[PDB]
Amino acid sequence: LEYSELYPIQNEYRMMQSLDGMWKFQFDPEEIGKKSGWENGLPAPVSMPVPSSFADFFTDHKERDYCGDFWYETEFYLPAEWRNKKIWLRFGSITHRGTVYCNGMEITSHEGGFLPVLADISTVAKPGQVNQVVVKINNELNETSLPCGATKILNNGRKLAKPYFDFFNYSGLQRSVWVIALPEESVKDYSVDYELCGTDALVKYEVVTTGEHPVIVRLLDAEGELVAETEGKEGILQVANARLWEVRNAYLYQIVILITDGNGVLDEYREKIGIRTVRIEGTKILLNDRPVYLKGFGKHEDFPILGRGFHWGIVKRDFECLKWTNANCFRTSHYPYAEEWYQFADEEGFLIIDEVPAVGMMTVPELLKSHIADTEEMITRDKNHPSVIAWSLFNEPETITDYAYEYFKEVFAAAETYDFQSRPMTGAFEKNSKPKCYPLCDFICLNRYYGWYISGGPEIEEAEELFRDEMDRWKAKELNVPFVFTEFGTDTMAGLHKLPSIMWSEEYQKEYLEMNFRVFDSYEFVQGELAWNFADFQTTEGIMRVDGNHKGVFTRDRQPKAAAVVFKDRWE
């Protein structure tokens, strides 16, 4: 990559300044902004919070449902002391695609709405003055970028997003924005990989910098004491009596990467990491050489009013709820999340399956290029989190064809080359993939709705029989790999009670889950269960979605339905 994915920090060498707050904002239905000079300032803006999705602020349909080009602007004072630094704008994300301008000059463009965008403004920045940033954003969906969909044009020219996926097309500047300053020679990337040797551990590393000066790498324990030190852009740190990062029992070391010259340090990057190994062995998922059974949820970045807007408060509430259920895992369905989710998982000892936005899939070569780019960016961003134990490279694509296999072979090969740890890779399969892609997977993830979309309600005993039929077929294949159910659930309206239960009632959600557990527990090779979904979340409106998706175990406001205690008791 032509930029660093490293999370920004502040020290003697690196500065950061938050651009979060109220930005200027303007819709551009006629696509006239660039030919009207909007990159020099918006002519009739309204105010827009950053970070946030723009949609749910407005009180009118057309602004909520806006699809097309729209623009952000803000101004910021740059300290004079940032002169002679490399100065970058860093967006947590820009959803879905955009072009970044600074002081009227085009800096960079990015396609993909759920990973950082870095814009080098070194040559146009004005230290000791007010500076301007303007972003042209587009939120249309197509079949050559992720996540896939279409754009419908109403007769009057108005655009409407048509997702091929079951979540609302939130967009805008949904994550934090910084302006940062780096030394002229800086740490650009690093990778760690772990080996356990009795009570000791090895931390294998590589460092990439923007120069040729020597690198020193130090490892500090949780109290800031030096436990290992070596020299070179590649090396091994030896840790005596290592304190391993364990499930729901984290321990974090701090890696410190220094660039030096003859007169001292040029750059210092530091980050918390956790010493842990992940391996698949037969039908077992091994964490630090011991089997672990995954227990948890698919989530979303979704909250009232803010949409997918990042807030630490949502992180905190959601993790308190996760711990209360006795969960140990979540999947970032269906896109990489804000970096802070992973930082916090590291602290709390949660396991993450990190998922690229490969949802709604079927121009194929262009789509593959986008898919691989998102994969590279995700892995480069997230590889050094101890919480990230697996990559999910798709959710319910087509998989019953020869070509599809060639496509995913390239995606998996790309993931392998970018992950220094070569950790387990997978993807979630829909039922259409009836018992050549699953061999690419290190473990198999199944999304199943036996008892909801298949033989629901009065037919639930038939659903159980059908479910067992399918699992008996998988069993007979004797693949000797772990199976994880990455989705299962029922739409459930809080307060809808019925005796006997009906589809959509709280009681049915409980009975459905009990049935699924009976099936899961009947097969040795099942090694995880992630319920769909942690919480009710927004979707496109329609005849099958009653104010979004209600398969949450929690409400959107993060309160438990009856079924929540079912998970709590089972996972205890």
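What we label the rigid core is the largest C-alpha set whose atoms superpose within 1.5 Å from one form to the other. Residues carry their position along the shown sequence, with the first being 1.
A.B. asks: After a core fit, does 370-378 or 402-410 show the bigger CA gap to the shown form in 7 other deposited structures of this protein?
C.D. replies: Comparing 370-378 with 402-410, the one that moves more in 7 other deposited structures of this protein is 402-410.
A.B. asks: Relative to the presented form, and with the rigid core used for superposition, do the C-alpha atoms of 424-432 or of 384-392 deviate more in 7 other deposited structures of this protein?
C.D. replies: After the core superposition, the stretch with higher RMS deviation in 7 other deposited structures of this protein is 424-432.
A.B. asks: Please say, as none, 1 to 3, 4 to 9, or 10 or more, how many residues of the deposited sequence are without coordinates in the interval between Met362 and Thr363.
C.D. replies: The entry has 10 or more unmodelled residues between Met362 and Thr363.
A.B. asks: Per the entry, how many residues of the deposited chain go unmodelled between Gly232 and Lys233: none, 1 to 3, 4 to 9, or 10 or more?
C.D. replies: Gap between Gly232 and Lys233: none.
A.B. asks: Taking the mean of the C-alpha B-factors per stretch from the entry, tell me the winner out of 352-360 and 223-231.
C.D. replies: Of 223-231 and 352-360, the stretch with the higher C-alpha B-factor average is 223-231.
A.B. asks: Per the PDB record, is the mean Cα temperature factor higher over 42-50 or over 530-538?
C.D. replies: The stretch with the larger mean CA B-factor is 42-50.
A.B. asks: Using the temperature factors in the entry, find which of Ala338, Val135, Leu294, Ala242 has the highest value at its Cα atom.
C.D. replies: When the deposited C-alpha B-factors of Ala338, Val135, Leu294, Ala242 are compared, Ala242 is largest.
A.B. asks: Using the temperature factors in the entry, find which of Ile94, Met425, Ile400, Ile314 has the highest value at its Cα atom.
C.D. replies: Each of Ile94, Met425, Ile400, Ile314 was compared by C-alpha B-factor; the highest is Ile400.
A.B. asks: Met515: which third of its chain by C-alpha temperature factor?
C.D. replies: For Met515, the deposited C-alpha B-factor lands in the lowest third.
A.B. asks: Going by the entry, which third of its chain does the Cα temperature factor of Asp60 land in?
C.D. replies: Tercile = lowest for this residue's CA B-factor.
A.B. asks: Rank-wise, by C-alpha B-factor, drop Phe420 into the lowest, middle or highest third of its chain.
C.D. replies: It belongs to the highest third of the chain when residues are ordered by C-alpha B-factor.
A.B. asks: How does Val177 rank on Cα B-factor within its chain, lowest, middle or highest third?
C.D. replies: Within its chain, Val177 is a lowest-third residue by C-alpha B-factor, going by the deposited values.
A.B. asks: When the deposited Cα B-factors of this chain's modelled residues are ordered and cut into thirds, is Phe525 in the lowest, the middle or the highest one?
C.D. replies: Middle third, going by the recorded CA B-factors of the chain.
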